[PDB]
Structure formats: structure tokens, C-alpha cells
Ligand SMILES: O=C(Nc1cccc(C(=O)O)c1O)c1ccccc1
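The data below hold one chain only, encoded as C-alpha cells and taken in the form deposited without the ligand.
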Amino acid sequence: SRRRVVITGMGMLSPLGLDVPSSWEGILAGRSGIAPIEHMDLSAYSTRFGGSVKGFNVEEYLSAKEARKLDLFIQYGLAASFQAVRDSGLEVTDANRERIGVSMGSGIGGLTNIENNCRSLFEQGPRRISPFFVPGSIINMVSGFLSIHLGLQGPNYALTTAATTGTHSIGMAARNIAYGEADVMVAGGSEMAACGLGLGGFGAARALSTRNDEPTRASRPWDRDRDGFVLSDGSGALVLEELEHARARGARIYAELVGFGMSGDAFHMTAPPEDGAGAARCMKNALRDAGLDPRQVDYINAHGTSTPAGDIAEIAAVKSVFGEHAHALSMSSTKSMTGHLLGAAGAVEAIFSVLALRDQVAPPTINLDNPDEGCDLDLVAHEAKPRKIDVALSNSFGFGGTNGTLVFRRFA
């Protein structure tokens, strides 16, 4: 290709806000989005807190008719997608609608809806399943409903790669544009796994923090007292656009997407190898894709989930890739504040990466009181750090050892 890809529009729901500016304000203030869960009774569970979207009003986006048919993960993905498209200023016409597609994924999809239809099935039999159960619960219906609501006729699909989803969604959408199969893609991810099955499922694996006494301190990536991830909900969407297309309509450009890498660990179903060899291969692939040397990276938005094995692997991988420069770049985990948004994590963190470029500021890793053995990089502990950022990398790693990296650059 010679086709450059830029970001023209962003949208988000997160535990820190109902839109990108409100969430980013929270990020730069070191605010926690984590609180006891209000929407179900978790008094019998080992983890009773997480990152909820607070005060979401679906009727800002959808009729009550439409919304009642859709699982919350679809509601969230559509909210982020609609926010991003509005933010971009793009006008969809007959001249361009075939060139505009969508790639919004989810890691687990409509778990709450499935749980509710299961209850109906078991209590009252299969005729009590909703007729809207399938199209309201399956992962590709963020892409599907968005394309229908906006008349988008370009490439229409959905990734599901666990915690990597939102990163792969964005990366593969950028490939579509570079290849010429679209001029614009709305890409990202959404998740709402905070139901009994979800919390129970992650809890049954002993994967979650159980710091119920201080939920805001629970997510502490690279801290020696970390004890598992914090489950969070929400969504992130970006409008990706071919550069000449964006220039021709006078779009506001946030940043350029210059590289995308993937790898597989081929190691274990849930733990990475302790040296993060797969993550290293992934990061190198993304830099090679971008035509960048490691020394050109200024900011890493780490995956950094607050797990024992995961966090130290990612340090090892950054040291392996970056060598001495690993001590010059700034690296932080915004999951310290947002928790782990699962399929949406990579989408929200890409947005935070783009804003780090816009605002020339590395967001903090809050709660990093006692860095663990070998966690001796600049992890932007405690407080946001204004600094020079030309290039920002964002990593996501997922169950199965599936890895993704995005590389963004200031646009000039």
C-alpha cells in the first residue's frame, strides 16, 4: 500500500465517563472508576465490585422499542460508535456509503441476555425464549445494527479475541482501509459481562481481585500486592479514515495509525510465558509494520491487567524489545483506573493512546505503591506525566495467548 490511515472520530463509554472527554478528564486526574456493583446482589460472591458504566441512557441513542431487544453490550457498542461517527463529522451519502464499514467486536457478547433467556427456558420451556434473543445477543450485531442505522455498506464484521478484541478490531479495520476495500471504518469493541455468569465465571477461575474493602485500590498493575483483575464494562469506537479522504473533507485528524502487529504465545490457555516472548514478537511486528525502530517509541499504554503472571511478562517483553530505551519511554496501565474492560479494553486504550499524543501527557498507573521485582521502568506511578510523545504503542493480550499491538503517531 501507500494508503495512510488516520483517526478522525472517537467515542466511548467507560467506568470514568459516558463519553471520551469525561473519561479522559478522569484518567488525567488519576480517578478510579471502580465501585461496589449496584445492579445485582453480590453479597454471596467473593468479588462484589467492578467498573460499571454509570447513568447510561440508551434513549440518547435508540428508541426504547429498539433498545429493549438488545443486550447491554450492543447498546454500549452502538453508543460508542454513534459518538465516534458524530465526532468525525463524516456525512454518509450514496457516493460514499459503500466505502464505509464497521468492525466492532466483543469478547463474550450477550451474556446477560443469554442468562435471562436460559432462566425462561428452564422455568417455562423453549417457547418463552424471546424471538429477539439471537439478533439481540450475538457479537456481530453491533456492526449489523450500526450499518443499518447509518446506511453503511462497506466491510461489515466482528472480531472476538477475548481481551485482545478491541485491538484486533482496530488493526484489521486499518488493514481494510490500507488495502483499498474501504475509505472509512468504525472500529473498536464493547463488553458487559457483569452478570452472575460473568462474575461467577472469572471468579471460579480465581482470576479476580477480591479486595472488597477498598475497590479503588484493587487494580494495581505491577504492584507487589496485586491479586487479579477488576472486571469493567463499556465500549470504545474510533473512526479510521484514509488520509486523502480525510484531508479532502477537512476532517479534524487526531493521530495517524501507522502499525499493527499480531502474535500467538502458543504457551497456555490463560497465562503468558514469564518472559513475555509472544508479546515481544507482537510489539516488534507492529514496529516493523510501522517502519519504526524501538527507540522511536515514547509512550506504551500497557495491557497491564493487575495479575501476577501477566504484568511481569509484559515488563520482560518491553525490556527485551526496547533494550536500554526501555528506561527512556514511559509506560502505563490505565486499567489501574478503568479496570479491565475485556473486549473493549483495547478500544478504550487506543483512544487513551491517541489522546496521550494530542495532549502530550502520559496517563498514570495509579495504585503503584510498591513496584514488584524487576518493575523498574518509568511506569508513570501515581500522577500523569506531561512529556514529549511522538509515538504511542498500545498492547492487548488475551486468553489463548492471542496478542495485538497498535502503533500511533502524531500526525504531521
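Numbers follow the displayed sequence, beginning with 1.
One more form of this protein should be noted, the form solved in complex with the ligand, which is absent from this view; the next part is about it.
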| query | finding |
| --- | --- |
| Shown-form site status with respect to the ligand as positioned in the deposited complex after superposition (2.4 Å backbone/C-beta criterion, 3+ atoms) | open |
| Region of this chain that lies against the ligand in the deposited complex, out of 353-361, 383-391, 370-378, 54-62 [heavy atom, 4.5 Å] | 54-62 |
| Close approach of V85 to the ligand in the deposited complex, 4.5 Å, heavy atom | yes |
| Interface membership of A251, the ligand in the deposited complex, 4.5 Å heavy atom rule | no |
| 4.5 Å heavy atom contact, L243 to the ligand in the deposited complex | no |
| Partner proximity in the deposited complex: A326 to the ligand, non-hydrogen atom cutoff 4.5 Å | no |
| Within 4.5 Å of the ligand in the deposited complex: residues from 141-155 (heavy atom criterion) | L150 |
